[PDB]
Each structure stands twice: as structure tokens, then as C-alpha cells.
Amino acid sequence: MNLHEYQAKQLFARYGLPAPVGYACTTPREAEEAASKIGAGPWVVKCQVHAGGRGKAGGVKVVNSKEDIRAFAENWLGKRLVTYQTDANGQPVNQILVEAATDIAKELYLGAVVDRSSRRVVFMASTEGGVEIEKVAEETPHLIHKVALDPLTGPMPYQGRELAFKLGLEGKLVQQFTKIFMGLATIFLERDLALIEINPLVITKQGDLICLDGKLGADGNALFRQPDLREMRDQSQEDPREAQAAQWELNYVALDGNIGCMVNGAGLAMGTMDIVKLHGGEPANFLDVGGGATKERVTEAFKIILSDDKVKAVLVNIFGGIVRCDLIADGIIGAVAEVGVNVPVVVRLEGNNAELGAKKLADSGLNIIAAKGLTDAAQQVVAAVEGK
């Protein structure tokens, strides 16, 4: 899960890492009152949304009057910010971070992720701060420096110095950088982070390192042992259907398309979306029916899939699982009536009682086709949305 920038900065502060003095505000009044708490302006005001590109989208501004802070806050609070990292609907702005302006001398990049190829937490630093790091990676590889945390020893100061020297830092900046590295590496391990990104990690005109932005991603699988991080989750930042699905043991991800997919298995779910796409269809969502295809769970799945008005048909592809095909068919039938599914549903069943389940669908009289095989199921749901 993602954290807000203000939350990443509180975490940084807890670990002695440096960030601008600032306040996360939920009302224009708090935002304007932050001005004097911070000190002499100007002040940076930032919409807090998980997505990046807030700057290009107008969500980050340097202002110099309490009046401007308040206006910015009035302008954004309760409103949604669209960036190239959100969908066209954007993320709600419920917090405005008001912080001290920083005198930037140089912009660096420091970040870490779990690298799956080397199977290590890898820190990456670059003099290319303020740019999307991926771009820099494509064009100027030689400018990205990396170190892998050794699981046996934990992060070591020499790794911090290695990156610092490769960035051409010298003097106290080397110790400062090392400190930031050791702290960030420590946070990464202790808080079970999946991602850290300080972009830009700034060298101030006064000559100090400061984290100007902060993007942290926690490993969702470790939340059971990260109580503080658990509380920081902000559901408003995501499609509410995801959490709904999750609480129902369903993995849901909305897409552009109009053919809803209900499948058991993540890989099969993606493969099913792909086969629908291959046959001229446009998948509306990814929905992995992770739990046992019970009547209730399948009903939820439909409620969730059909909460998106663009869906004109639902393809259900169940292969095995704990429930028998005939009981899954009763679940689909039941879900279709109860949810008042108003769209054609195409079903592909495999396993115990596949044909009895298919017969059950055929005999319900509901608008539900029991397909014969995957390709067939794909073609049929595709056909089913022709001209709708």
C-alpha cells in the first residue's frame, strides 16, 4: 500500500531523516494557520494524493501569502486531482501539505525497491533528480548507481558512501547522504517497505541534504506486523471497489473495457482477459475469485463487476476450485437473479459436473450461456456485446 507524501515525511522525521518543516491540513483554516507556524514565506502547498505528477497537474505551488495558501486549500480540498498517474477521475484531495520553501542547489534521486532479478533490496541514486527515474534509466544508465542490501549484514555505511561518492558528493554531504541511506535502508527493512523514492533528494543552497518529496510503498503482505503502517491506509485513494472485493476475498481491478471477467485464479483471470481481448473484446475488469465460488461470494463478484456502468456482458470462467461446477452454476444463477444482473452472462465451467452445471445454467432460463471451452466462451461474450 501507498502512503501519502506527508506520511512518508512523518516516517522520515521519526528516523532522523530530514524533510521540510510542514503540516498536513484538512481545512483551509489549518492550511492558512500553517503559514506562521512554518515561518517566513514563501510556502509550498501540496495536494496530498498517492499518485505522482501532482506538480504538472497544478497540485504543487509555491505561494507567498496566507491568502494564497487558503485559496489553494479552498480550491483543492474535497476536489479530485487528476495526474498522469491517476485515471481520468483522479484522487480526492483531503489533505494539503503546507511546508517551508526550500532553496534548491541540486536535485538528486535516492530510492529503493525489492529487485526481483537479484532478489535483494536495491538502493538506487542519481544526480538526475526531479526527472522520472525511469527516463534517466533508459537514456542515461551510467548515471544511475546502485547497491544491494546484503541480507546477512543489513545496510552498511560503505554502501551509503559508495552512492554518495558516485554522486560526486563531498565533505559533510557524504556523511549526510550516508546517514540518509542507512536510515532509509533501516526503514525499508523494519517497516517492510516495498518501495522508497525520494525525488528529489535535494542539496540545499545552504549545503544540506533534505528530502523534498517522499514516496513510500509498504509491502501489503507484511501489514499484519506493521500496525502503524496499517492505520495509515487511505482507502479514498483507491477505487472503493478494490477494498470491497478484498473484504470479500476477491481481487478486483477495473479497466476501460465493457466485458466483465469473473475468474478463479489470478493467472487465469489475466489469461481470460487476454483471450477476450484476442477475440475482439475489451475486458472491463480483472476479478480473481480467490475464495470458494460460494453463492454469496459470486453474488458480490457480480455486484462489484456490475457497479461499473460500462459493463455490457460478464464472462465467468471457472476452472476447478473447491466448489463443484453444478454448485457454482447454482451460485451464478442465484447471483444473476438476486443482483438483478441485466446483462448477458457467458459461463465456462471445468471440473466436477461441468456439463451438469452447464445444463443447470441452460435450464434456469436466465440469460446465461454455458460455453463449450475457452475460445468459445470468449467469442460468445464478445459477440454478446456487439452493438451495445
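Basically, rigid core = biggest C-alpha set you can superpose within 1.5 Å across the two forms. The first residue of the sequence shown is number 1, and the count goes up from there.
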Query raised in the report: After a rigid core fit, does 125 to 133 or 284 to 292 show more C-alpha displacement in 6 other deposited structures of this protein?
Result: 284 to 292
**Report entry** Average Cα temperature factor in the PDB entry - higher stretch of 231 to 239, 304 to 312
**Finding:** 304 to 312
Query raised in the report: If you average the Cα B factors in the entry, which is higher, 2 to 10 or 377 to 385?
Result: 377 to 385
Query raised in the report: From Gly291, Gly220, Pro157, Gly271, pick the one with the largest CA B-factor in the entry?
Result: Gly291
Query raised in the report: If you compare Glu128, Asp150, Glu134, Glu197, which has the highest Cα B-factor in the entry?
Result: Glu134
Report summary line: Of the three thirds of the chain ranked by Cα temperature factor, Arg54 occupies the middle
Report summary line: By the entry's values, the third containing the CA B factor of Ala88 is the highest
Query raised in the report: C-alpha B factor of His142, ranked within the chain: lowest, middle or highest third?
Result: highest
Query - Third of the chain's Cα B-factor distribution that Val45 belongs to, per the entry - result: lowest
Query - Ranked C-alpha temperature factor of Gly111 among modelled chain residues, by third - result: lowest
